[PDB]
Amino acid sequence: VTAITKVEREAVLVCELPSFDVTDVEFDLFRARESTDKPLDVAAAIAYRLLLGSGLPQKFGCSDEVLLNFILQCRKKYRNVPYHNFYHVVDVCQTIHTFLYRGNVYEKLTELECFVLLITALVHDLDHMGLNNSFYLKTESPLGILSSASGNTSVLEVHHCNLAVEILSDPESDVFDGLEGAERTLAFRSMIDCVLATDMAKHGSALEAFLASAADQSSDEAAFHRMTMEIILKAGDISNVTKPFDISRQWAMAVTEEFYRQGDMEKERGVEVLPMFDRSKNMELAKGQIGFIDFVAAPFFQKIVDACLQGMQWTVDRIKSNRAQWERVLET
C-alpha cells in the first residue's frame, strides 16, 4: 500500500458541503454526489467531517492527517460496482453516527467503541466485487476453496478484515496508533467481530444473542458491549429501508442491479441462479422491498428498539411509512 499524497488530502479538504447536515437522519447522500463532479472527494469529506465532529479521533491521539490518510486508503480499495462501493460504507458510517448520536446508542458504549464503530463502517466491505459469498463457493473459485479448506464460510467478511489489518499496519493510516495494551487489542478485536457479524448467514443467531443479552440484567458487561457494536454495524448495513422513501428507493435500485449482474455471470458460468438474481424474472421492486421489510428489516429494528435501543424508534416509524408507500404503488 503506497502512502497518501498532499494532492489527495487537498482534493478532499477543499470540499465544503453547502446546505448539508451530515449529522441529520434525512441527510441525502445521493443528492450530495450530484452537487460536485468529484463524488469520491465529497464522500471522503462527509466521512472526515463525521469523524472529526464526533470529537473521538483527537481523544485517541489520531491526528486529522492520519484520519484522512485512513479514509483515502479505504476509498482506494473499494470498486466501481452498483451498491457495495465507497458510497455504501460512507452511508453506513453516517447512519451509525445517527443511531449513536440521534438514537442515543452512544449511552450504551465507551467513546473508544463509538470511535471503533465509525471506523469499522468504512472498512466493512473492502474490495467487494458485487458477488455474494454463495457465488464464490458454488463456482469453486480460489477464494471459495480457501474459505472452505480454511473452515470459514464467511468468504467476503474474512477478505474485508484482511485488508483492514493491512491499512492499519502502516502508522501513516493507523487511526488506532494512539492506543496501546488492552485498548489497542479491543479496537482490533471489536472491529473484526463486527465485520464478521455483517455476514447475513449469521443474521438470526447474532440478533437472538443480542436480544438474550439485553433481557439479562446479569449478562457479562464486556459481551453486551461487543454484541451492541455488532448489532449497530448490522443495523447500519440494512438501514436503506429506514431512510426517506426516495433515498430508500434509490438504494434498492442499485442493489437490484448488483444482484442482477451476479445472476448474469452465474448463467454464463452455468451455476444455480436464485429468483432475485434473475433479470428475466423482472420481479417488482415494490414486492421486493415489501418482502425485505416483512422478513428481515421490520422484525430486526422492532426487536432491538423494544429490547434496548428505544432512542432508535424513528427507524421503525420510517420502515412502517416506507412499506405503506410501496403498498400504495401496488394499490395503483
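Rigid core here is just the name for the largest C-alpha set that superposes within 1.5 Å across the two forms. Residue numbers run from 1 along the displayed sequence.
Self-check item: Greatest C-alpha divergence in 9 other deposited structures of this protein once each structure is fitted on the rigid core, 283 to 291 or 56 to 64
Solution: Looking at 56 to 64 versus 283 to 291 in 9 other deposited structures of this protein, the farther one turns out to be 283 to 291.
Practice problem: State which stretch shows the higher mean Cα B factor in the entry: 269 to 277 or 287 to 295. | Solution: Taking the mean C-alpha B-factor of 269 to 277 and of 287 to 295, the larger value falls to 269 to 277.
Self-check item: Mean Cα B-factor comparison, 217 to 225 or 67 to 75, giving the higher one as deposited
Solution: Comparing 67 to 75 with 217 to 225, the higher mean C-alpha B-factor belongs to 67 to 75.
Practice problem: Could you look up the Cα B-factor of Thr98 in the entry and say which third of the chain it sits in: lowest, middle or highest? | Solution: Bottom third by C-alpha B-factor.
Self-check item: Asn132 by Cα B-factor - lowest, middle or highest third of the modelled chain
Solution: Ranked within chain, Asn132 CA B lands in the middle tercile.
Exercise. Just say lowest, middle or highest third for the CA B-factor of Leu17 relative to the other modelled residues in its chain.
Key: Highest third - that is where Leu17 ends up once the chain's C-alpha B-factors are sorted.
Quiz item: With respect to C-alpha B-factor, does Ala307 fall in the lowest, middle or highest third of the chain as deposited?
Solution: For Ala307, the deposited C-alpha B-factor lands in the middle third.
Quiz prompt | Relative C-alpha B-factor of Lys138, binned into the chain's lowest, middle or highest third | solution = Highest third of the chain for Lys138's C-alpha B-factor.
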